[PDB]
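K.L.:
Just passing along the structure, written as structure tokens.
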Amino acid sequence: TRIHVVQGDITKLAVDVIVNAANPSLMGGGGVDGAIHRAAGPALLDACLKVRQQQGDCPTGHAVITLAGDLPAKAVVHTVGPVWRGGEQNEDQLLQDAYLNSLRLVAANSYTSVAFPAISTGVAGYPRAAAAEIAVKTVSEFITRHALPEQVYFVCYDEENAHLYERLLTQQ
Ligand SMILES: Nc1ncnc2c1ncn2[C@@H]1O[C@H](COP(=O)(O)OP(=O)(O)OC[C@H]2O[C@@H](O)[C@H](O)[C@@H]2O)[C@@H](O)[C@H]1O
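Quick note on the UniProt record's numbering: the sequence shown kicks off at 3 and runs consecutively.
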């Protein structure tokens, strides 16, 4: 009732907050990051600079929040997922933290709905399967303990991944 899987483009989703799979610089890149910036327009980058200027690099596992410009969302939460390196560099934790701190920021800003892409599973090369496990476990356990956020959307770029989530979800 509170967690949903949707297949498509995260930039098209009308929710309170859209989550960006960013990198420490916060400055832009490709994948979701590029899509988001493109969709949002220049205001997003202005904003990310202001942030950067104020707290420097966003460390891995942490998150920040900014305005959303032209996006149908109200804000964008930029989180820094870990780069995959075999699984013996505390990656699973860092990925967890990325989801967690994202959620906390959503809540702290009184936002009721949030959309997540599949953090760290593209360029960063996180095994698609383990990641989804963490994403789903972390988000689920969190929303269990908290009123906010009310709604969560797992946005999946393809059908393969979507089914993954779908199953992992109803597998508990
Ligand atoms: N428009 C989109 N909407 C939803 N999901 C998307 C979109 N584009 C890509 N994705 C999904 O987002 C996931 C993350 O892919 P990337 O966008 O490449 O980001 P990620 O793998 O988290 O990269 C994180 C790492 O790479 C650098 O960007 C950065 O330095 C960071 O450490 C993938 O599983 C992919 O299917």
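Ideal placement from N, C-alpha and C gives every residue a C-beta, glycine not left out.
#1: Taking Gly33 as the reference, which of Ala137, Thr13 and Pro44 has the closest Cα?
#2: Please confirm whether any heavy atom of ligand 1 lies closer than 7 Å to the CB of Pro119.
#3: Does ligand 1 have a heavy atom nearer than 7 Å to the CB of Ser142?
#4: For the stretch 92 to 124, which segments carrying the beta strand (DSSP E) assignment without a break, of at least 3 residues, lie completely within its bounds, in sequence order?
#5: Taking the beta strand (DSSP E) that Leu69 belongs to, which residues open and close that run?
#6: Measuring CA to CA, which of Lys76, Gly89, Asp99 and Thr68 is closest to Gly83?
#7: I need the boundaries of the beta strand (DSSP E) containing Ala24, first residue and last residue.
#8: Please report the straight-line C-alpha distance between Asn22 and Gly63, rounded to a whole angstrom.
#9: Ligand 1 and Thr123: does any heavy atom of the ligand fall closer than 7 Å to the residue's C-beta?
#10: Under 6 Å Cβ to Cβ from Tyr113, same chain only, skipping five residues before and after it: list those, please.
#11: Measure the alpha-carbon distance for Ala131 versus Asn163 and round it to whole angstroms.
P.N.:
The structure says:
#1: When each option's Cα is compared against that of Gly33, the closest is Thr13.
#2: Proximity of the beta carbon of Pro119 to ligand 1 is indicated: a heavy atom of the ligand is located closer than 7 Å.
#3: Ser142: no, Cβ never under 7 Å from ligand 1.
#4: Segments of the beta strand (DSSP E) lying fully in the stretch 92 to 124: 115 to 118.
#5: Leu69 -> beta strand (DSSP E) spans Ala65 to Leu69.
#6: Comparing alpha carbon positions, the residue from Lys76, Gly89, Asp99 and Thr68 closest to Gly83 is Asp99.
#7: Here the beta strand (DSSP E) through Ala24 covers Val19 to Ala24.
#8: Taken atom to atom, the span from the alpha-carbon of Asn22 to that of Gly63 is near 13 Å.
#9: Because some heavy atom of ligand 1 lies under 7 Å away, the Cβ of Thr123 counts as near it: yes.
#10: Excluding positions up to five away in sequence, the list reads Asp18 and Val19.
#11: Roughly 9 Å between the two C-alpha positions.
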